[PDB]
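**Student:**
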Amino acid sequence: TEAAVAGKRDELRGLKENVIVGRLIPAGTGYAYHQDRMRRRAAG
Amino acid sequence: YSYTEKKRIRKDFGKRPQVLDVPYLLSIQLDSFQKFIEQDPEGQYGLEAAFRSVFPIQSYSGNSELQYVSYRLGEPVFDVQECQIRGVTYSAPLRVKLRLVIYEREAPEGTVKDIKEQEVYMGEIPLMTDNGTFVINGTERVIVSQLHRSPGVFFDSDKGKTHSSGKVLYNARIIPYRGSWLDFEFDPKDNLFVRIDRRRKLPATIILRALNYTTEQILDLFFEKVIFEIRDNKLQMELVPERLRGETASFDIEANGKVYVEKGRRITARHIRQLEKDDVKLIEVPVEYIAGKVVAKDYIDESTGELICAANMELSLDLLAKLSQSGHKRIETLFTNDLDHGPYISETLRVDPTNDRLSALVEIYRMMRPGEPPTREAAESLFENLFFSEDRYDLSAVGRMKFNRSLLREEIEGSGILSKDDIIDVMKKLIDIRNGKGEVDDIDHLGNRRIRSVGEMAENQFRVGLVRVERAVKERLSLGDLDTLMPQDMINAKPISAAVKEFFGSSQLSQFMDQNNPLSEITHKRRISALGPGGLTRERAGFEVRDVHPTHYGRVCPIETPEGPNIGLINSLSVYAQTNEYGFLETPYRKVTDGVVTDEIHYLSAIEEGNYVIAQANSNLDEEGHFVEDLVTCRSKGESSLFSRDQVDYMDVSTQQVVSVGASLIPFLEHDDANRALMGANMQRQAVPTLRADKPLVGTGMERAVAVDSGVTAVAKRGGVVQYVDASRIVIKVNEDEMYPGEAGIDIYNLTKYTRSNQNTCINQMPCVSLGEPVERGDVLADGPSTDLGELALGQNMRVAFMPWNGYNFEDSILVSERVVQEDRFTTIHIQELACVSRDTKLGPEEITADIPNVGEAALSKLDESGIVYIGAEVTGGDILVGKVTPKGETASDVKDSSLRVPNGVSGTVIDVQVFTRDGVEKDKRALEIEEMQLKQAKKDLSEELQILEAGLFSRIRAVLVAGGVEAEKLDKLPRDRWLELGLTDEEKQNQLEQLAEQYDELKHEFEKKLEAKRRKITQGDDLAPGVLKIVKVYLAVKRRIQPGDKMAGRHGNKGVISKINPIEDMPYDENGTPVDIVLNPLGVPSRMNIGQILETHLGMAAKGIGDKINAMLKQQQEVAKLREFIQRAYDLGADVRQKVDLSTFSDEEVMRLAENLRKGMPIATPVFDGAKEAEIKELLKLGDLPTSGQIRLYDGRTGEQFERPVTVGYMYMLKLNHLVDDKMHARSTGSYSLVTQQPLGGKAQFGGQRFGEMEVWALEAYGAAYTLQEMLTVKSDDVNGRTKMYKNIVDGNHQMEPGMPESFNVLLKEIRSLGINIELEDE
Amino acid sequence: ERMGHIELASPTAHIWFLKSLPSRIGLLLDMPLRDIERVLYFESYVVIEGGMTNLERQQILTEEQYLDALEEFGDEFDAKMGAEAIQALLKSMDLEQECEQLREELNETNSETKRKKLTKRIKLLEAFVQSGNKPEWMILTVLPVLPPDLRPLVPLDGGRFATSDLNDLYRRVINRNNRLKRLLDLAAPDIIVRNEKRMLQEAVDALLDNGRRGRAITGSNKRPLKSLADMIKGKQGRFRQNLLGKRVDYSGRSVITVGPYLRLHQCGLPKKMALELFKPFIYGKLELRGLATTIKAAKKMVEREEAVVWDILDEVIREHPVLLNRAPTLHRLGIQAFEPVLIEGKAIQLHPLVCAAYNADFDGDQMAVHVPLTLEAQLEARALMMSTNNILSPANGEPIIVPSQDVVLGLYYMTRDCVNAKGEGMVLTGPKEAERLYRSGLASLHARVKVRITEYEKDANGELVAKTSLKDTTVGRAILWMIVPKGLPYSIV
Amino acid sequence: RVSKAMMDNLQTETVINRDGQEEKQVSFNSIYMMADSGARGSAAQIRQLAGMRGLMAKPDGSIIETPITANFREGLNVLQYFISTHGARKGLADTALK
DNA sequence: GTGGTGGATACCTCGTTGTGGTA
DNA sequence: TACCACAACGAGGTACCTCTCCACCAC
RNA sequence: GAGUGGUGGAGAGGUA
Ligand SMILES: [Mg+2]
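Residue numbers (the entry's author numbering), protein chains in the order written: chain A, 1333 to 1376; chain B, 3 to 893, 910 to 1342; chain C, 100 to 592; chain D, 692 to 789.
(1) Quick one: is the Cβ of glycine 463(C) within less than 7 Å of any heavy atom of ligand 1?
(2) Rounded to a whole number of angstroms, what is the C-alpha to C-alpha distance between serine 973(B) and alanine 746(B)?
(3) When burial is assigned at 16 or more other CB atoms within 10 Å of the CB, is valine 1225(B) buried or exposed?
(4) Using a Cβ-Cβ distance under 8 Å, would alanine 226(C) count as near chain A?
(5) Which residues mark the beginning and the end of the beta strand (DSSP E) in which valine 736(B) is found?
(6) For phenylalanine 116(C), which residues in chain A fall below 7 Å Cβ to Cβ?
(7) State the Cα-Cα distance for the pair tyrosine 751(B) and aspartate 596(B), rounded to the nearest angstrom.
(8) Taking C-beta pairs closer than 7 Å, name the residues in chain A that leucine 223(B) reaches, listed in chain order.
(9) Please report whether the beta-carbon of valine 518(C) lies at a distance below 8 Å from any beta-carbon of chain D.
(10) For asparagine 232(C), return the contacting residues in chain A, with the cut-off set at a CB-CB distance below 7 Å.
(11) Take residue 909(B) and list the residues in its own chain whose beta-carbon comes closer than 7 Å to its own, dropping the five residues that flank it on each side.
(12) Report whether the distance from the Cβ of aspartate 1064(B) to the nearest heavy atom of ligand 1 is below 7 Å.
(13) Below 8 Å between beta carbons: does that hold for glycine 1123(B) and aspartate 1203(B)?
(14) Cβ of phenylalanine 15(B) within 8 Å of Cβ of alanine 1183(B)?
(15) Give the DSSP-derived three-state secondary structure of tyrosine 457(C) in the structure shown.
(16) Since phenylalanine 38(B) and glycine 536(B) should fall inside the 8 Å C-beta cutoff, what is the C-beta to C-beta distance between them, to a whole number of angstroms?
(17) For the alpha helix (DSSP H) that contains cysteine 838(B), what are its first and last residues?
(18) Pull the bridge partners of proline 769(B) from the DSSP assignment, please.
(19) For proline 288(B), count the other beta carbons within 10 Å of its own beta carbon; 16 or more makes it buried, fewer makes it exposed. Which is it?
(20) DSSP state of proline 993(B), grouped into three classes?
(21) According to DSSP, is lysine 163(B) helix, strand or coil?
(22) Can you pull out the residues from the stretch 1339–1362 of chain A whose beta carbon lies closer than 8 Å to at least one beta carbon of chain B?
(23) For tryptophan 409(C), count neighbouring C-beta atoms within 10 Å of its own C-beta (all shown protein chains included) and say buried if the count is 16 or more, exposed if not.
(24) Under a three-way DSSP split, which group does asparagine 277(C) fall into?
(25) Assign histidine 447(B) to one of three DSSP states: helix, strand, or coil.
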């Protein structure tokens, strides 16, 4: 209710939301992929 | 002894002479249901009580009423085996005769208008078996007794609620048996309140305000009266000496000439002695003492006619001036104290905004039904209905007992509703509790919790159903036709039968029966559950209800509870624990008589136990003299202490009476810790019966009690000699002494061969008597599933060594020899039922036939021409048992093949096929063959019945012939079958012969007509499910040998899992050459503290030493005198043993049969808490020519050499539990899927996968295996495209992963979007 | 994936924005929840606007006061009752004007509780004007319908159809919406149409959250119905039941037992579970070895269980790990990956060192076997979750592969010493001669002897010097020193 | 005192030796060995086996007046076992809430 | 068979969070 | 107007296995 | 264009 009122968005940077959504987690092995994807998305 | 008791005399070790036999262990179920169903016209219990408590019932005007006449229960048209097979309730019809008497409205009471009476049929109440089990829908269910809080009043107090103050708040509560509660409580301001059924608080005086009471009655009822008297502008105080206790003097309380107290001085008890020794009454009191007091009664001025002051007003100087000028010379005043009479009711009267009964009733209706537009008649009707309606409030005859005996009264009767003085006295005791005199109640003291059993619950459900049908039939009769209406048209039999069937089928307490073994049945019947309707839950009941209250001593076992979330909510009933009249629990106790315990047995309930002092069973008695020690031990007043040998009142009745049945079956109970003995007494309840039942050598003497009273053996009814014993049935010829002459003199004991249990184990009955062998009444004849000769025999006893063995018994693990498998000591039988139904689609009925398409001779070759497996073909998993096919198109066109298959992992033979049908489909060759075999076996068995019956009735007619006249030579010179044609002159014996021949022909008539009844019931269809045609049921019977993974356990909570089946050469042996069978783990003993297995291992080795010496003497065949001497010396052994057996009364063949029965060991009885001490065990071992410590010197079969230290070896009784590794192991590669979330299923039946839960997701997260977590949440799970690419890629050899958004996340998106909150996936 | 919509006749209130405390309407309109509840219970009227001085804006009136206002003015004001009244009020309320009024009215006095409520309302209004939502949108006019395959309808075995709760809830709201439609085009009396509006409002509040507003409407089987909020939230809601933890394919389960003959990285998988778990790998190897051409022939060749299938399984298993999970997987080391070895039987064999990490006792504990599929997951289960990599627990740098109770009894019995047992005071060349003596039996395990031990001191760098002297020890300690590697001193043993 | 005498009379018992003298050493007793190596159980459990079981507690936080003067070799009587069940059921409900 | 549909139990234990009451 | 009882909502362990039972009405 | 239903939900009991 509060998030719908405020119109929030989630940046998808935690392990719980990346486990819900279904990508690699931003830890362990997947941290290299996540910093690569975030520098690609910042780079264009 | 009996003839079966001479067959094997179990040696005792107990020393206390037991004084009471073990009671009939199923008395609670049978006595409660017999009280529910039995016709009591005087002592109203059950059905007659409910009928008379609802009948009669009149109309709205009163011109017609229904009178109850009588009721009778007919025969069940099916017996219990037929109901178990067919899958239906075993029940009797309830036929009630009922009278309709119509009244006239022309006359004032025109009773003679029209008389009508008939029997109306309503309801089908289910009956009980002989041994306390109900049979519903074919299955055997058991209704567990319930332990709710009894009706009445319970004064309680929560300690530490207002954490700022920490004050105690005593709260009362009136729990009735039926209706609504009534809760009084204080606040931290010490104001009484009323909370009817967890609504808001109300000022507590409003109930008695609604009860037509004014404030004057309130103050004179609750507060004691003090009197001020104004005289010539001074105040005279009438003073009783019981008022100045523990306070400070406001003024100088003096006398006419005596001084007692000073200013600001505490009134002392010596000063009170001075006042009671001078005995003055009137004392003058100054003006400042009045300021603080409160006026009792109203004072209206006589001149102006208005009220100077009402009741409950604070006095002041202007107020006393107004009273003196009005002239009220006598002043009534309340008594206010802080010690014994606190200002509580006065404060609630002050804060109470109501004034009269009208405002009280509209306020209480505004609370009870809020928001409704209130009125006076609705408020008063709901108030009468809420407490003082007989049809809306019942607590009688047990709550009336507890209410009077908690209100310090004497009589145990009264009315079934509350009343004014009753609520007044409850409030009075609450104020006494609040000021200090009295004592609060605890809530788990067993004078408060009451056993509510199956009879009471069934009567309550019958009463609720009858009330609903009474309301319906009154709504019918109030306007319907009077003269031309029979009552069977107006009594709808629907809600009674629906209610009783609902209770016996789907209640909280009618639960499915675990019958792994007779112990499980008996301790599932004697079970005390505290859950269900009216009791607590398995969430909302913390440490208080679970803990062992000290009044559980003797009534409830302390070491038999489940270990799950029901750690104290499921009590088990102790051995000797009976039930009261009202329903409380009670134990037997022996009365002392001037220091002598006379064997008259007084029963003590939970409350009457507390006032006496009770001695303990371990207290010694000197041959019916007195105690030895002057300071005996006792338990008293809720604890334990010491007392004198004359001050006592009662002694224990035995020493088994603390523990229940199951924990009494454990030997050496007094040496196990309570945790591990609880683990053992729960793991004896799960022992699958093995192939040949084998007795325990170390028992407790309760085994014969469990196997007899568990109702699974075939115990004789009248003693006699056996006439013919078979493997299928035993018949017996009765003694002529124990025969009544009206009968024929032959009982028949049919046995149930290889029938499925409720947990798919086997149940059969092998006979234990041979032909030409006399038995007495109460003897055993046929052993049950896990019984050896009428003893309970759950597992097998086997050789045990206690040492580490190359790691293979590491952390509670068991290493089992090969010879345990080779002797097949642990191969159970599992009988499994598979069902096939011919449903009906709307394209034709499904066909059971062998012309199935798409199949060949790799499957159809086991089946017959009819499409049904033979009786006896060994199937394997996945083969067709019943070939069923379904019309696919309209009526090949039967293309879909819906045959049965054996589930993968099930094997074995097909012991029975049973086929049911509906009338409407014509049978086939297989159904005709099954019904022909049933017909022929029914005719065969009932004609054998007729044949032994004509043997008996020909004995009967030869008896009446030799009684009437003397006719012997023509009686035996002529065949016995033509004894109906012989006769003489017509007299009473001739007429008896004609009527007995007519009785024989009528026996033939009921014979052939019950054959025709079973014939038409098997040819005609049974009342099956809606929309089936014929039902074929098969029964597969595997034989489960042991293998690594089958759980095993002794009796003392030493569970294990079999780790290796070593060969006989690798098992350790001893120097004589005998290899040991189980190498247990020695480190299981010293920390878990179950020393019972160590003492039982030593005693088992002693027992086998004696049995081995007897086997040596028999195999050398020494002498019957040497056998008699050795066995007599073996029995007359202990110090002060209870039993005594002399073999001079035993014959030669008797002692030969006894030595043959003892050649496999000498069984021993170690009573729980009367056990065999280690000196007695070492005496037994010295008799056996063994090492006295029990430890022998084992060798090593692996490398030949010697173990360095002596190893303990004996014979512990190992079970085999119901956790079999074949049922446990399950795997899944790719299978079924759910519909909502598209993730795989869950469970071994649906072939589902293991839930990789949240904790395992955190495990992968904190490892960092991100790719493993992603592939475990997308492609191994709910993602259809990714999993299809994954499966295809793995088959092609390349392991690569294309992920995607999971289907459960898409479900969550659709659910929030349908909830109305716009959630979407924003790109970049 | 398709959605439906319901045209509601009357507007209605979303119960989340009425009963999720604080309701956001009770803080939006600055009115108490009791008054808004009495409006939506259809028991009282509120004027929207009034030109007279008697009726101020947002003044709640009872029905008697309502009809008194009708006989007094009747024309100038407008007092309505129900969700359309609060919908019109939400339309008429000006967000920027009232937040400016709040910002000018805050700064005069600063009392704590009223200042808190005022800054709560300013955060609400600023969040609304930031997000661009409308305050009118809290009132539902078009109620959406879930896709039909997420409230599915599969029957029972006997043809009787057992639905979900949502079909019943939607049936109730659709039937009462049709009856309200019939009464609006019939132009019913106002008491009847407001009673049916009450019942529609209660039905849609039940649909959005059953056990929330009042009496939860129970199902046909004497149980409360499951709403959309009860299908989302919970210990068995969608999140914590099917999103965080999923049931998974490629997974077995069995009773555990003890394998002392293993090594640190091995577990004994049964034949049957391994043949089931590695089934598509077996299909792939069968098609690669030219024996299988189609999927049906591969399926039936596995389900016939030939010796070529057993050989192919023995080749597939070779150095391909499996994850032996145990639940309750409390700490991090509850999942470890082992290279499986094939056994017959039906029970997973563990090492005895890892059953301290698992807190396993072999008295009937069951464990799961999860397979990794991809190359990334096999390399993660070899290089991260192997049993030989989590030696030390992450709670303390002290190892978790400690011997436990039986190895401990054996090593204690090895390294303890008696006084004059058998052959004490001998002199031995080393562990080889000492163990030859003990296995021959000429000297017991507790004789105090002298031995020559060539222990290896490791220096400051990684070089290994060899020193040699005579130590006065036990025969058992001399035998254990043969096991102890090169690099440790002797006072260890 | 009973626990101290028990641990002494368990620890130093293999005294029958020779070849120096009648020497006193640490014992090869099996219960003491399995408790002394750190294998299974500790001195409290050994005391409960051999010495004195001690003062068990009522569920209300109190201490019972009379202790369990027996142990798990001589075997308890009825009253000491009924006392012990208080601590047993308190432990096994403590595990559920814990 | 095919649309229609409204009433006679109580028996957790904290622990935050919001609300009318009153010195 | 700042403390304050009082009321209302919102938590309460993971994994597994076996069994039974499922809305009334109705011209 | 080529076989097929429990999960759903309740209640009761059990294992670690
Ligand atoms: Mg375990």
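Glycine residues also receive a C-beta, built at the ideal position from the N, C-alpha and C atoms.
**Tutor:** Straight from the coordinates:
(1) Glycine 463(C): yes, Cβ under 7 Å from ligand 1.
(2) 8 Å
(3) Its Cβ being crowded by 16 or more others within 10 Å, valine 1225(B) is buried.
(4) Chain A, which has a Cβ nearer than 8 Å to the Cβ of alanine 226(C), makes this yes.
(5) 731–736
(6) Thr1333
(7) 52 Å
(8) Ordered by position in chain A, no residue passes the 7 Å Cβ test against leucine 223(B), which lies about 55 Å from the chain.
(9) yes
(10) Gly1339
(11) In the structure shown, chain B runs from 893 directly to 910, leaving residue 909(B) without coordinates.
(12) Checking every heavy atom of ligand 1 against the Cβ of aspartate 1064(B), none is found closer than 7 Å.
(13) Cβ atoms of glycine 1123(B) and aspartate 1203(B): closer than 8 Å.
(14) yes
(15) coil
(16) About 18 Å separates the two Cβ atoms, so there is no contact after all.
(17) Bounds of any alpha helix (DSSP H) do not take in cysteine 838(B); it lies within the beta strand (DSSP E) bounded by 830–843.
(18) Paired residues: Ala784(B).
(19) Exposed, since its Cβ has fewer than 16 Cβ neighbours within 10 Å.
(20) coil
(21) coil
(22) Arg1341, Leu1347, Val1351, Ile1352, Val1353, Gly1354, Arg1355, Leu1356, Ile1357, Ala1359, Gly1360, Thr1361, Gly1362
(23) exposed
(24) helix
(25) coil
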